[PDB]
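Bear in mind that the values in this text are calculations on the coordinates, not laboratory data. Cβ coordinates were reconstructed from backbone atoms using ideal geometry, including for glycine residues, and neighbour counts include every protein chain displayed.
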Amino acid sequence: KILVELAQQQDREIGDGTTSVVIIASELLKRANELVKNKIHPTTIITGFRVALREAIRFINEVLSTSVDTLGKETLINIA
Amino acid sequence: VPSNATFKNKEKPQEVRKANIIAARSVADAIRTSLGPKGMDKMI
């Protein structure tokens, strides 16, 4: 029911991405199933995902592109 | 030395107290894994 409520959640904030949020959240748990067999405690697994996330959000803000682009808009048509 | 003083009767309370301790320690074993910062959550 967590991913069921997570898919219903994604519509509330952004409104789009219900397909990508479920696959990513299911893959984070899938690969973590082999990490617990290593005896690694989840707090180490959670910290490894959070420290990598803090650097991931900052990396996305560095690679973003401005909406100016060329003279004309040429954006909102491609956004839809 | 034996055969004198008194002899213990109705020993069931001795077993009842053991059954209560074993049943109580079994509950304390599930919550034991949640102790400390390394503890885990329990979903019910």
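Has region B:3-14 got at least one residue that is more than 14 Å from every other protein chain (Cβ to nearest Cβ), closer than 30 Å to A:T47 by Cα and of a type in the set (A, V, I, L, M, F, W, C)?
no
Considering (1) of a type outside the set (D, E, K, R); (2) more than 14 Å from every other protein chain (Cβ to nearest Cβ); (3) assigned to a loop (DSSP other than H, G, I, E, B), say which one B:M40 fails and leave the rest.
Only one criterion is unmet by B:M40, namely (2).
Scan region B:31-43 and give yes if some residue there is under 20 Å from A:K39 (Cα atoms), surrounded by 10 or more Cβ atoms within 10 Å (Cβ to Cβ) and charged (D, E, K, R), otherwise no.
yes
Out of all the residues in region A:1-22, which are surrounded by 10 or more Cβ atoms within 10 Å (Cβ to Cβ), of a type in the set (A, V, I, L, M) and closer than 26 Å to B:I44 by Cα?
A:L3, A:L6, A:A7, A:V21, A:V22
Does at least one position in region A:26-42 carry a residue that is closer than 18 Å to A:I2 by Cβ and part of a loop (DSSP other than H, G, I, E, B)?
Scanning region A:26-42 turns up no residue that is closer than 18 Å to A:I2 by Cβ and part of a loop (DSSP other than H, G, I, E, B).
Which residue is surrounded by the most Cβ atoms within 10 Å (Cβ to Cβ), if the candidates are limited to region A:30-52 and must be more than 14 Å from chain B (Cβ to nearest Cβ), within 22 Å of B:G36 (Cβ to Cβ) and aliphatic (A, V, I, L, M)?
Checked region A:30-52; the qualifying residue surrounded by the most Cβ atoms within 10 Å (Cβ to Cβ) is A:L35.
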